[PDB]
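As a starting point, one isolated chain is supplied in structure tokens, in the form deposited in one PDB entry.
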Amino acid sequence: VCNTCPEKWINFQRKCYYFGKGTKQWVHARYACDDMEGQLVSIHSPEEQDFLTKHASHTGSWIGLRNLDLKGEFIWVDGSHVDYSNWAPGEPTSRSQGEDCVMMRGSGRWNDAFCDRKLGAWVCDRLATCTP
């Protein structure tokens, strides 16, 4: 039974989530999550997405999706590929033009963006720990 989360993190299913605040570009958020022993959030189901939207900032948040090698394939920071997606209409933009980072809007839907864009929120996740 794995639902144990650290103080300030919120459990959903087998993961823990931290809804961060404070102005950060994508890689800044990446390291903020890393320094908290987590990583920018990966999303693999509509149930997970719905949970995130419920707790997420109205003004948009960095998540852990990025065009890894700059060549057009978006990969989650945890290493996994996209199965579930929640792209906003028309996203991602059908051009390789250096908008390699993904944010989640107030609606929960995703759009690509310049990685140096400063957003006011960012979400981390980590595995919940378990009772023996």
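Between two forms, the rigid core is defined as the largest C-alpha subset superposing within 1.5 Å. All residue numbers refer to positions in the sequence shown, first residue = 1.
Another form, the form deposited in another entry, is not on view; read the next lines as being about it.
Visitor: Which one moved? Candidates are 36, 88, 27, 68, criterion is a Cα shift of 2 Å or more between the shown form and the other one after superposing on the core.
Guide: With the rigid core fitted, the residue that moves is 68.
Visitor: Compared with this form, is the residue 96-residue 116 Cα separation smaller or larger in the other form, the difference being 3 Å or more?
Guide: Residues converge in the other form, at least 3 Å closer.
Visitor: Just to spell it out: taking the C-alpha atom of residue 95 and the C-alpha atom of residue 27, is that distance smaller or larger in the other form than in the structure shown here, given it changes by 3 Å or more?
Guide: Distance between the C-alphas of residue 95 and residue 27: shorter in the other form, by 3 Å or more.
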